[PDB]
Amino acid sequence: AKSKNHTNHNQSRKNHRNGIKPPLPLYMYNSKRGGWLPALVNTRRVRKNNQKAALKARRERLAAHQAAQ
Amino acid sequence: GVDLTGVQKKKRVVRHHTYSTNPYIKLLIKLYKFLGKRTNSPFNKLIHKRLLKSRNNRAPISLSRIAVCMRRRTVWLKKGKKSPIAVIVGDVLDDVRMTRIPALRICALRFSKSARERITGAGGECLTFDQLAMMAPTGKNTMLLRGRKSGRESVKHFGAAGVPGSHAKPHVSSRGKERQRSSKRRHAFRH
Amino acid sequence: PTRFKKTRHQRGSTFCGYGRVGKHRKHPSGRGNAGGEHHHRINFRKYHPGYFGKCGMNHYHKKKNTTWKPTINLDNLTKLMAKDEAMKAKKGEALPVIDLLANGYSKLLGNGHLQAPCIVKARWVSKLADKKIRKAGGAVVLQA
Amino acid sequence: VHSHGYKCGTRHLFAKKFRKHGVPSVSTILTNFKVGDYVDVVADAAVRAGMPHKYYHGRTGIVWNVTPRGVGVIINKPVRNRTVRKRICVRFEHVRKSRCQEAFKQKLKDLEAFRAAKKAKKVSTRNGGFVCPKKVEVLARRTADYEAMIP
RNA sequence: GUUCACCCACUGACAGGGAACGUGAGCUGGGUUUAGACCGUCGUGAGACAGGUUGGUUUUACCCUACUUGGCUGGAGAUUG
RNA sequence: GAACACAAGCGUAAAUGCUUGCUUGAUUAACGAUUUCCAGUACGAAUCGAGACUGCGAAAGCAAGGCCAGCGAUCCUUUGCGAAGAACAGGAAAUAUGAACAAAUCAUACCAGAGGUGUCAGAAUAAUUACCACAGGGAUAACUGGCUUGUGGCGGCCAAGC
RNA sequence: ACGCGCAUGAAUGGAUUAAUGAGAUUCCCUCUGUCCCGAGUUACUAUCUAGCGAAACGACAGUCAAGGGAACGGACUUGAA
RNA sequence: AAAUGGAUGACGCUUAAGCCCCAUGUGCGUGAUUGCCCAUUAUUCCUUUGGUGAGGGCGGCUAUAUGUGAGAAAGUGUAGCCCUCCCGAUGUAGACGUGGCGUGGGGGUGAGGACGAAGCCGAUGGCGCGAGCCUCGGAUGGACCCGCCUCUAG
RNA sequence: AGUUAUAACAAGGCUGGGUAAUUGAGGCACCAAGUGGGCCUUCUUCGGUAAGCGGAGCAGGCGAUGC
RNA sequence: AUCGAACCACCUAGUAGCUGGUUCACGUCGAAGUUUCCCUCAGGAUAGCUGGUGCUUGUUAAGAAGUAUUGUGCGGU
RNA sequence: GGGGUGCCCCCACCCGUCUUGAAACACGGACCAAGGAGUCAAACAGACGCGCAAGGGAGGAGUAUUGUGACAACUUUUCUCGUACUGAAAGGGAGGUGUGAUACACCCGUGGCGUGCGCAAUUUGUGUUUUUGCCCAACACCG
Ligand SMILES: [K+]
Ligand SMILES: [K+]
Ligand SMILES: [K+]
Ligand SMILES: [K+]
Ligand SMILES: [Mg+2]
Ligand SMILES: [Mg+2]
Ligand SMILES: [Mg+2]
Ligand SMILES: [Mg+2]
Ligand SMILES: [Mg+2]
Ligand SMILES: [Mg+2]
Ligand SMILES: [Mg+2]
Ligand SMILES: [Mg+2]
Ligand SMILES: [Mg+2]
Ligand SMILES: [Mg+2]
Ligand SMILES: [Mg+2]
Ligand SMILES: [Mg+2]
Ligand SMILES: [Mg+2]
Ligand SMILES: [Mg+2]
Ligand SMILES: [Mg+2]
Ligand SMILES: [Mg+2]
Ligand SMILES: [Mg+2]
Ligand SMILES: [Mg+2]
Ligand SMILES: [Mg+2]
Ligand SMILES: [Mg+2]
Ligand code: NA
Ligand code: NA
Ligand code: NA
Ligand code: NA
Ligand code: NA
Ligand code: NA
Ligand code: NA
Ligand code: NA
Ligand code: NA
Ligand code: NA
């Protein structure tokens, strides 16, 4: 016995029950894994220097406050 | 009639009573329900909300995590100020990986026996929640902490182990029957 | 208890939560793990990707007693000593002696910050554990 | 259900134009792309290499990767009850700079200019007023135009 | 076996249809359509054929209504005011 | 308005066509990323890259097949890589195991291909039943009824002709 | 009788045969209620009484016409008894 | 032009009760802006139930014998601690909740019975939205049985 | 330690100054049921002489619902 | 009184994607007949629709909208 | 006020089921009593309650007892799960900051960045510190 083949009826109603969720924000999953390697490798060396400078800045800020107290 | 197109899908699941059978918990709930509704302190309203949570949603904290968080705060204190009181709605457990802590004042639902010995031996105090309401109503000079939940074994099983970029641990009965070669494995990353 | 089951709630509903159209029948999909490669393929591939196939070498007559080797880290060495001994000894003083075989350990791994110097007797040791315990003022004595 | 390949409904989509055939000019070659820009994805159909799928023709997205002869763009795409952020790699010929933010940027430039001048407007037709015709005609639906609509 | 058709006669005339292709607890059982058996063609075979041939159980009404006859007896606020 | 192996579409003129010269980018490519089908799984196909060694060019540059259709899991079988030396010790550098230990064969593992499943997400497969059986199906035929009226039947309108 | 026989034919036996057959078919004589076209009579029933005394079946029930309806209603709508 | 007698629903209707349009109370070329009928709809009032609910009271000194009087629990859920206010209420397959109902037996606690237990009967009424509970009568019976908290199930 | 023959570009940071209507709760998980025969109508449509016929696109319904 | 394989007891409560049945009340919510794969088409697995449990937060909008405006792209009915 | 019987005007297709669709010319339906269908075990997962917590818990056995006695009490574990993972295997095995190119020296401690309950300190509502839990993106260390 034959039957139905295909229909898109009721599918738009189902998709909007819980809505079409908005896309993820642009700041959420932003990793350049497969990109241009020469630029990726260079950015790592800059980031390592930024982390080292961040640690040094907190050391001087803490020492200055302790001297005042 | 009314439209009511998205009215039902906005309701939040909110519970106003505790499933616990402990009568000492119910005495604390009664005390902080009174304080929450009569002092307009956001601290007191938070404590009452957390006392109604289930055991799974009140994770334990470690003594080492308390000592590190306390030090990161008190190092910026002024000349004449005093260290705050750490408050956890949950259990405090001892950590054998620190062994050297300053004097701490901690209020919690429960202390393990070893944790109580280490705190008292260092010069600190263990407090009950009825002691905190007695000496620090409205929660002045307090530090509120929660405790970790992301390291649990149940969380590691969430998801599907066979989809690209998953890193989910499968539910394995026979460990040797689910080994798989180094090749034929799913892709480890996906954008 | 039988009085807490769903059967007590379903007295008078005639279907017990199985529907009028597709009823409650016996084995509509096969018995056990049947059809794991034919009509249950998506479930197996999604959740148990390593089920089908072989991997690695074999080992007849395993005898698990020959590979007994529990490990303990340098960070947990305090739990094997008395409470007073942890703070009693430092650097050039007399140090407590810990024997790992009595406590049920074989290999000493070095992870984390060592609290107090001590003398540890072990069967196996690590590269990092050896270096860290030596700097702190302790030593490792090999056992058998 | 038969014959759904990579280029199914593309007879008129990838056709070039009338009297506008050829290959990309120098102005296209000299365009500069940098990460964070907005671009439009349109096919060229004279460059077979790096041509995107038919779904992404006419879509607008942001660039996340710059390569020696290619650009990577992030494009939204609704699937069932959600939109997926997709990444496509195309050649620089099938990519054009987007002008979807020039009005916004011009608004910002005007605001700072107005503040800069202040540191150193329009006529509403909606409101009423007097009207002096000096002449008035009449519309009357003459019988002549009824006879006109006879081919 | 037929419905159909075709011949022989009479007649004023020998029109066409419907009623669950009216009518099987009204009949009959020639046909169709089990099991036996023969022929032709087909099949290696068991067997097949809307091809031919011969033989092959037709069950129950005393119930309700309808219809046909047969009798008894109420009733005008159509049983009451 | 020609040609570009083949079906069709798109595309192309000092070329993507034709002739000619030289060549082997149809190799290898550290598990890089992505698109199409899509469950956002696999397979097939395709796009953008990093490294080695190269080809053609004076150069910029183009090329890891012939643009898009032309192909294949588990288990099993079979082939290739783990050349020779250097290390007082398994290390940034020497493939591993056969479990009491040694010498030489043999077998087995780890990585990359090949032998195929066209019912192409992949059981190893000939008939007959009128002597027939069971669970069901009005999800599905043969007879009544229902919609339709091609065909069948019965009639109008115009008027070239008889 | 005739034979270009869809597709007759020789122990997958061909042709022919007296006698025999609860075997299949056609015609003739005799005979008749098979029929034209039905009528009368008998015995046992049915029918009434005395004695005795079941079953099948049983949603609920039981007057029609048209309509619509799961496209043929006892129940529904309108009408008529 | 068709097959049982029969359908603008029927009767009937022709200064329509037919077809196409136009109006409206008391007063239709002098009251400009509602002729009238029918809903599980709308507005409004009362009651119930559930909330992503919103507010308020709860430290009991005003004075009072009998021959103006009763309550007030810091609370999810009950005979709801009490008083105001706002918003929703239908539903097959299906999910969940209930100091929700009922039955046999165990551990506790408190009662009942020869001045009549269980069982049985009913124009016996009362209470609850309901599952049900309780009183009454027997011109029934003649020896056991129940309320509440928990545990358990043929 | 990226580009350019080098001022200049890329990329990651630190320290000071100024900054499109009208409706309204945003985001993230875990566990599991039924279902996987549909049918009708508006408009757009393919096959068929046509069908209360077969097959699709958009939307609303019945199924699940009375009044 | 049993035969296209007798009767008796046992394995045996044989298996059935198929037919039939499945016992109290009120309350809060409430669908699907569609996608991919399967010797798959009267059945399953998988996603979607639904319920329960929540977590993190907020008090005018955070990563809000089956709707408009302005600007700027796409198309061959 | 409740209960019983009759009457009047109005309203009102037969229950259960499969099905897109049942009042059906679809199936099961004479009446009553008593029976009659999601149970027990074992492995795993999630929610909720309880004890303890870098540890948790035994089992089998044994010690002491007509007594509510097949109950109840008692016994760095002797076993198991976990605190460490990784490779086919031989095997190996995870702290921070600073300074140099089994390196060296210290140990009151979040590797750095972003969004982040509450608390602390300022201005008259704003800006700031520490940020818990969670999430995103870059290091580093182990195989
Ligand atoms: K290259
Ligand atoms: K098989
Ligand atoms: K004979
Ligand atoms: K189901
Ligand atoms: Mg279907
Ligand atoms: Mg239901
Ligand atoms: Mg169910
Ligand atoms: Mg089912
Ligand atoms: Mg008859
Ligand atoms: Mg033959
Ligand atoms: Mg190809
Ligand atoms: Mg049918
Ligand atoms: Mg012969
Ligand atoms: Mg012959
Ligand atoms: Mg004889
Ligand atoms: Mg009739
Ligand atoms: Mg309801
Ligand atoms: Mg019993
Ligand atoms: Mg249905
Ligand atoms: Mg059923
Ligand atoms: Mg609802
Ligand atoms: Mg049907
Ligand atoms: Mg019915
Ligand atoms: Mg009918
Ligand atoms: Na075009
Ligand atoms: Na197949
Ligand atoms: Na016709
Ligand atoms: Na005709
Ligand atoms: Na009428
Ligand atoms: Na079905
Ligand atoms: Na059985
Ligand atoms: Na198959
Ligand atoms: Na069925
Ligand atoms: Na049936």
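What you see below is based on every heavy atom in this structure, not just the backbone, and it leaves out hydrogens, waters and symmetry mates. Residue numbers begin at 1 in each chain, while the letters A, B, ... track the order of the sequences.
- Side-chain contact between D:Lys97 and D:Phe33 is present, with at least one heavy-atom pair separated by less than 4.5 Å.
- With a glycosidic angle no further than 90° from 0, F:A64 counts as syn.
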Sugar-phosphate atoms are those with a prime plus P, OP1 and OP2; base atoms are the rest. Using that split, label each nucleotide of nucleotides 59-67 of chain I B, S or - for protein heavy atoms under 4.0 Å, 5' to 3'. SBB------

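- Phosphate contact (OP1/OP2 of J:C49, side-chain N/O of D:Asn81, threshold under 4.0 Å): present.
- Across all strands shown, H:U4 forms no Watson-Crick or G-U wobble pair with both distances under 3.5 Å.
- Nucleotide E:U53 shows a positive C1'-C2'-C3'-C4' value and thus a north, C3'-endo-like sugar.
- Nucleotides E:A48 and E:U41 satisfy the base-pair criterion: a Watson-Crick or G-U wobble arrangement whose two donor-acceptor distances both fall under 3.5 Å.
- The base-pairing partner of H:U84, taking Watson-Crick or G-U wobble contacts with both distances under 3.5 Å, is H:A54.
- Here D:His57 does not count as stacked on J:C74, because the ring centres are not under 5.5 angstrom apart with planes under 30°.
- In this entry F:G44 has F:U36 as its Watson-Crick or G-U wobble partner, both defining distances falling under 3.5 Å.
- Nucleotide K:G62 is matched to K:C74 when pairs are restricted to Watson-Crick or G-U wobble geometry with both distances under 3.5 angstrom.
- Base-pair partner of H:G137: H:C121 (Watson-Crick or G-U wobble, both distances under 3.5 Å).
- Residue side chain B:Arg65 does not reach the base of K:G109 through any donor-acceptor N/O pair under 3.5 Å, judged by distance alone.
- Look at B:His17 and the base of H:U76; the rings stack, centres closer than 5.5 Å and planes less than 30° apart.
- Panel note: side chain A:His16, backbone A:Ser12; a donor-acceptor pair is recorded below 3.5 Å.
- With a glycosidic angle no more than 90° from 0, G:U12 adopts the syn conformation.
- For B:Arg146 against K:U132, a side-chain-to-base donor-acceptor contact under 3.5 Å is present.
- An OP1 or OP2 oxygen of K:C48 is reached within less than 4.0 angstrom by a side-chain nitrogen or oxygen of B:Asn56.
- When both distances must be under 3.5 Å, the Watson-Crick or G-U wobble mate of H:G128 does not exist.
- Of the nucleotides present, none pairs with F:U125 by Watson-Crick or G-U wobble criteria with both distances under 3.5 Å.
- Listed nucleotides: J:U35, F:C10, K:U132. Nearest to the side chain of B:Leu145: K:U132.
- At least one donor-acceptor pair under 3.5 Å links the side chain of B:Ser112 to the backbone N or O of B:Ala115.
- A cation-pi arrangement is absent between C:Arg20 and C:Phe15, since the terminal nitrogen or guanidinium carbon is not both under 6.0 Å from the aromatic centre and inside a 45° cone about the axis.
- For a distance-only test at 3.5 Å, the side chain of B:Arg186 fails to qualify as a donor-acceptor partner of the base of F:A42.
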